[PDB]
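Q: I am sharing structure21.txt, which consists of compact mmCIF, C-alpha atoms:
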# COMPACT_ATOMS: atom_id res chain seq x y z
CA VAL A 1 -20.25 44.96 -70.56
CA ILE A 2 -19.82 43.86 -74.16
CA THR A 3 -16.27 44.13 -75.44
CA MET A 4 -15.13 40.56 -75.97
CA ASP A 5 -14.69 38.37 -79.02
CA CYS A 6 -16.18 34.98 -79.81
CA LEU A 7 -17.36 35.33 -83.39
CA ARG A 8 -15.04 33.87 -86.00
CA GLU A 9 -15.06 35.29 -89.51
CA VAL A 10 -14.89 32.34 -91.87
CA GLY A 11 -15.76 33.02 -95.49
CA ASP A 12 -19.32 34.08 -96.19
CA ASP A 13 -20.02 32.42 -92.86
CA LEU A 14 -19.28 33.33 -89.26
CA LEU A 15 -18.66 31.17 -86.22
CA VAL A 16 -19.63 32.23 -82.72
CA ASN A 17 -19.15 30.54 -79.37
CA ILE A 18 -22.37 30.44 -77.38
CA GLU A 19 -25.04 28.15 -75.99
CA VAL A 20 -27.68 26.30 -77.98
CA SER A 21 -30.12 29.17 -78.29
CA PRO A 22 -31.02 31.79 -80.91
CA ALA A 23 -32.57 34.87 -79.35
CA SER A 24 -36.08 35.68 -78.20
CA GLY A 25 -37.86 39.00 -78.57
CA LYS A 26 -35.13 41.26 -79.91
CA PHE A 27 -31.99 39.40 -80.90
CA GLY A 28 -30.35 38.98 -77.51
CA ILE A 29 -26.86 37.59 -77.94
CA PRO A 30 -23.99 39.32 -76.12
CA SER A 31 -20.29 38.66 -76.55
CA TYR A 32 -18.70 35.43 -75.37
CA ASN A 33 -15.53 34.83 -73.39
CA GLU A 34 -13.11 31.93 -73.32
CA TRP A 35 -12.98 32.00 -69.54
CA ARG A 36 -16.67 31.19 -69.48
CA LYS A 37 -16.47 29.55 -72.89
CA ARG A 38 -20.21 30.06 -72.71
CA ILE A 39 -22.39 33.01 -73.66
CA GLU A 40 -25.87 33.79 -72.40
CA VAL A 41 -28.45 34.14 -75.14
CA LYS A 42 -32.10 35.12 -74.87
CA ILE A 43 -34.88 32.85 -76.07
CA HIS A 44 -38.18 31.27 -75.11
CA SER A 45 -38.66 28.63 -72.44
CA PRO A 46 -39.12 25.81 -74.95
CA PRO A 47 -35.76 26.61 -76.56
CA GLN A 48 -33.85 26.69 -73.30
CA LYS A 49 -35.20 23.18 -72.91
CA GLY A 50 -33.24 21.91 -75.89
CA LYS A 51 -35.40 23.15 -78.74
CA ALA A 52 -33.08 26.14 -78.65
CA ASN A 53 -31.11 23.99 -81.06
CA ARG A 54 -33.76 23.82 -83.75
CA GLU A 55 -35.22 27.10 -82.54
CA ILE A 56 -31.85 28.74 -83.09
CA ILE A 57 -32.11 28.50 -86.85
CA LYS A 58 -35.75 29.40 -86.33
CA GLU A 59 -35.21 32.48 -84.20
CA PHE A 60 -31.57 33.21 -84.92
CA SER A 61 -32.22 32.96 -88.64
CA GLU A 62 -35.39 34.96 -88.10
CA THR A 63 -33.80 37.40 -85.68
CA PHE A 64 -31.29 38.46 -88.30
CA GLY A 65 -32.45 36.48 -91.31
CA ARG A 66 -29.27 34.48 -91.81
CA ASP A 67 -28.26 30.85 -91.39
CA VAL A 68 -27.20 29.41 -88.05
CA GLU A 69 -25.93 26.08 -86.79
CA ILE A 70 -24.90 24.80 -83.38
CA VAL A 71 -21.27 23.77 -83.64
CA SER A 72 -18.69 23.01 -80.97
CA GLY A 73 -20.31 20.44 -78.71
CA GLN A 74 -23.99 20.73 -77.87
CA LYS A 75 -23.63 17.49 -75.94
CA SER A 76 -22.32 19.64 -73.11
CA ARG A 77 -24.69 22.46 -74.00
CA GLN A 78 -21.62 24.59 -74.61
CA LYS A 79 -21.09 24.71 -78.36
CA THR A 80 -20.40 27.14 -81.17
CA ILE A 81 -23.09 28.77 -83.28
CA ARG A 82 -22.00 28.80 -86.90
CA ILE A 83 -23.72 31.45 -88.99
CA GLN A 84 -23.77 31.04 -92.75
CA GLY A 85 -23.74 34.01 -95.11
CA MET A 86 -22.95 36.16 -92.10
CA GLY A 87 -19.75 37.67 -90.74
CA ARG A 88 -18.42 39.37 -87.64
CA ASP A 89 -19.68 42.90 -88.16
CA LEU A 90 -22.99 41.30 -89.04
CA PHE A 91 -23.41 39.47 -85.75
CA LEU A 92 -22.01 42.50 -83.95
CA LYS A 93 -24.20 44.84 -85.97
CA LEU A 94 -27.28 43.02 -84.73
CA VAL A 95 -25.80 43.01 -81.25
CA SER A 96 -25.02 46.70 -81.54
CA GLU A 97 -28.38 47.28 -83.18
CA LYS A 98 -30.44 45.09 -80.88
CA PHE A 99 -28.06 44.68 -77.96
CA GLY A 100 -26.93 48.22 -78.67
CA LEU A 101 -23.50 46.91 -77.76
CA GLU A 102 -20.38 46.78 -79.90
CA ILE A 103 -17.30 44.60 -79.66
CA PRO A 104 -14.00 46.36 -80.39
Show me, as structure tokens, the structure contained in the file I just sent.

A:
Amino acid sequence: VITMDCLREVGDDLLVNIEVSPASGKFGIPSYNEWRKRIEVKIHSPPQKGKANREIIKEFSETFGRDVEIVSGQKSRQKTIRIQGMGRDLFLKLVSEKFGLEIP
């Protein structure tokens, strides 16, 4: 289930560890784990082809309406999505709102 951390609260921005992908129909972005160091997000087929990078800010930003940026290392697909103007509760809120899941 969803009960792990991954989102980092940094100023008016928030950092999350996931793959290069925003979230298709209904913000679909569960919690991430260090073990996997990779989270599974939901998006279109064009995004999961790489566009997910540019689509992230497109969908991600649209999904919630905030700023997003693929951090970490996209080179290996596994990177960190940095959200600007957002926080932890925010990301979680959407997850709890959309994903209906909360991270304690």

Q: So which residues are close to (-27.7, 31.3, -74.7), meaning at most 9 Å away in the file's coordinates with all atoms listed in the file counted, and can you show them as a short mmCIF file (atom, residue, chain, number, x, y, z; two decimals) with C-alpha atoms, keeping the file's coordinate frame?

A:
data_model
loop_
_atom_site.label_atom_id
_atom_site.label_comp_id
_atom_site.auth_asym_id
_atom_site.auth_seq_id
_atom_site.Cartn_x
_atom_site.Cartn_y
_atom_site.Cartn_z
CA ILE A 18 -22.37 30.44 -77.38
CA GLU A 19 -25.04 28.15 -75.99
CA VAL A 20 -27.68 26.30 -77.98
CA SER A 21 -30.12 29.17 -78.29
CA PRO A 22 -31.02 31.79 -80.91
CA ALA A 23 -32.57 34.87 -79.35
CA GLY A 28 -30.35 38.98 -77.51
CA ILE A 29 -26.86 37.59 -77.94
CA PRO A 30 -23.99 39.32 -76.12
CA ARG A 38 -20.21 30.06 -72.71
CA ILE A 39 -22.39 33.01 -73.66
CA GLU A 40 -25.87 33.79 -72.40
CA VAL A 41 -28.45 34.14 -75.14
CA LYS A 42 -32.10 35.12 -74.87
CA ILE A 43 -34.88 32.85 -76.07
CA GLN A 48 -33.85 26.69 -73.30
CA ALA A 52 -33.08 26.14 -78.65
#

Q: Rank nothing, just name the residue among A:37, A:44, A:66, A:8 nearest to residue 24 (chain A), using only C-alpha atoms.

A: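 Ranked by minimum distance to residue 24 (chain A), first place goes to A:44.
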
Q: Which residues are near residue 17 (chain A)? Cut-off 12 Å, all atoms listed in the file, ignore same chain within fewer than 2 positions. Put them as a ChimeraX atom specification.

A: /A:4-9,14-15,19-21,29-41,68-74,77-83,91

Q: Please measure the separation of CA of residue 85 (chain A) and CA of residue 58 (chain A), giving the value in Å to one decimal.

A: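 Interatomic distance here is 15.6 Å.
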
Q: How many Å lie between CA of residue 63 (chain A) and CA of residue 47 (chain A), rounded to one decimal?

A: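 Taking CA of residue 63 (chain A) as the start and CA of residue 47 (chain A) as the end point, the length is 14.3 Å.
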
Q: Which value, in Å to one decimal, gives the distance between CA of residue 76 (chain A) and CA of residue 13 (chain A)?

A: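 CA of residue 76 (chain A) sits 23.6 Å away from CA of residue 13 (chain A).
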
Q: As a CSV table (one decimal) with C-alpha atoms, keeping the file's coordinate frame, please: the residues near residue 92 (chain A) (cut-off 8 Å, only C-alpha atoms, same-chain neighbours under 6 positions excluded).

A:
chain,number,residue,atom,x,y,z
A,101,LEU,CA,-23.5,46.9,-77.8
A,102,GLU,CA,-20.4,46.8,-79.9
A,103,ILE,CA,-17.3,44.6,-79.7

Q: Using all atoms listed in the file, which of A:53, A:12, A:100, A:1 sits nearest residue 88 (chain A)?

A: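 Closest to residue 88 (chain A) of all the choices is A:12.
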
Q: Using all atoms listed in the file, find the one residue out of A:75, A:67, A:84, A:59 that sits nearest to residue 27 (chain A).

A: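 The answer is A:59, which sits nearest to residue 27 (chain A).
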
Q: With 8 Å on each side, where is the centre of the axis-aligned box around all listed atoms of region 24-31 of chain A, and how long are its edges in Å to one decimal, as JSON?

A:
{"center_x": -29.1, "center_y": 38.5, "center_z": -78.5, "size_x": 33.6, "size_y": 21.6, "size_z": 20.8}

Q: Starting from the sparse input, extend region 11-29 of chain A to N, CA, C and O atoms and give the output as a compact mmCIF listing (two decimals), in the coordinates of the input.

A:
# COMPACT_ATOMS: atom_id res chain seq x y z
N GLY A 11 -15.09 32.90 -94.20
CA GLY A 11 -15.76 33.02 -95.49
C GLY A 11 -17.07 33.79 -95.36
O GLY A 11 -17.19 34.68 -94.51
N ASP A 12 -18.03 33.43 -96.21
CA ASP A 12 -19.32 34.08 -96.19
C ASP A 12 -20.11 33.63 -94.96
O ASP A 12 -21.29 33.92 -94.83
N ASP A 13 -19.41 32.92 -94.08
CA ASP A 13 -20.02 32.42 -92.86
C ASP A 13 -19.25 32.96 -91.65
O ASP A 13 -18.13 33.45 -91.79
N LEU A 14 -19.89 32.86 -90.50
CA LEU A 14 -19.28 33.33 -89.26
C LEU A 14 -19.56 32.32 -88.15
O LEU A 14 -20.66 31.78 -88.05
N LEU A 15 -18.54 32.10 -87.33
CA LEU A 15 -18.66 31.17 -86.22
C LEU A 15 -18.63 31.94 -84.90
O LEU A 15 -17.79 32.82 -84.72
N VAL A 16 -19.55 31.58 -84.02
CA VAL A 16 -19.63 32.23 -82.72
C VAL A 16 -19.75 31.17 -81.63
O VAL A 16 -20.38 30.13 -81.83
N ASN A 17 -19.13 31.46 -80.49
CA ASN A 17 -19.15 30.54 -79.37
C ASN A 17 -20.24 30.98 -78.38
O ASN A 17 -20.12 32.03 -77.75
N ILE A 18 -21.26 30.15 -78.28
CA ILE A 18 -22.37 30.44 -77.38
C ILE A 18 -23.12 29.14 -77.08
O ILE A 18 -22.71 28.07 -77.50
N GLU A 19 -24.22 29.29 -76.35
CA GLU A 19 -25.04 28.15 -75.99
C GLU A 19 -26.10 27.89 -77.06
O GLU A 19 -26.37 28.76 -77.89
N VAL A 20 -26.66 26.69 -77.02
CA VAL A 20 -27.68 26.30 -77.98
C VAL A 20 -28.93 27.14 -77.74
O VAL A 20 -29.81 26.75 -76.97
N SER A 21 -28.98 28.28 -78.42
CA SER A 21 -30.12 29.17 -78.29
C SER A 21 -29.95 30.37 -79.23
O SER A 21 -28.88 30.98 -79.27
N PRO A 22 -31.04 30.68 -79.98
CA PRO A 22 -31.02 31.79 -80.91
C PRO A 22 -31.11 33.13 -80.17
O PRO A 22 -30.09 33.68 -79.74
N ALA A 23 -32.33 33.61 -80.03
CA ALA A 23 -32.57 34.87 -79.35
C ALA A 23 -34.06 35.23 -79.43
O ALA A 23 -34.60 35.38 -80.53
N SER A 24 -34.67 35.35 -78.27
CA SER A 24 -36.08 35.68 -78.20
C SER A 24 -36.29 37.16 -78.52
O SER A 24 -35.36 37.84 -78.95
N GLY A 25 -37.52 37.62 -78.31
CA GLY A 25 -37.86 39.00 -78.57
C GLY A 25 -36.61 39.88 -78.58
O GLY A 25 -35.97 40.07 -77.54
N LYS A 26 -36.30 40.41 -79.75
CA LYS A 26 -35.13 41.26 -79.91
C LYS A 26 -33.86 40.42 -79.76
O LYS A 26 -33.51 40.02 -78.65
N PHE A 27 -33.21 40.18 -80.89
CA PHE A 27 -31.99 39.40 -80.90
C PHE A 27 -31.12 39.72 -79.68
O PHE A 27 -30.48 40.77 -79.63
N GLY A 28 -31.13 38.80 -78.72
CA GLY A 28 -30.35 38.98 -77.51
C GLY A 28 -29.19 37.98 -77.45
O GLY A 28 -29.36 36.85 -76.99
N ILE A 29 -28.04 38.43 -77.93
CA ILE A 29 -26.86 37.59 -77.94
C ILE A 29 -25.62 38.46 -77.74
O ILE A 29 -25.10 39.03 -78.70
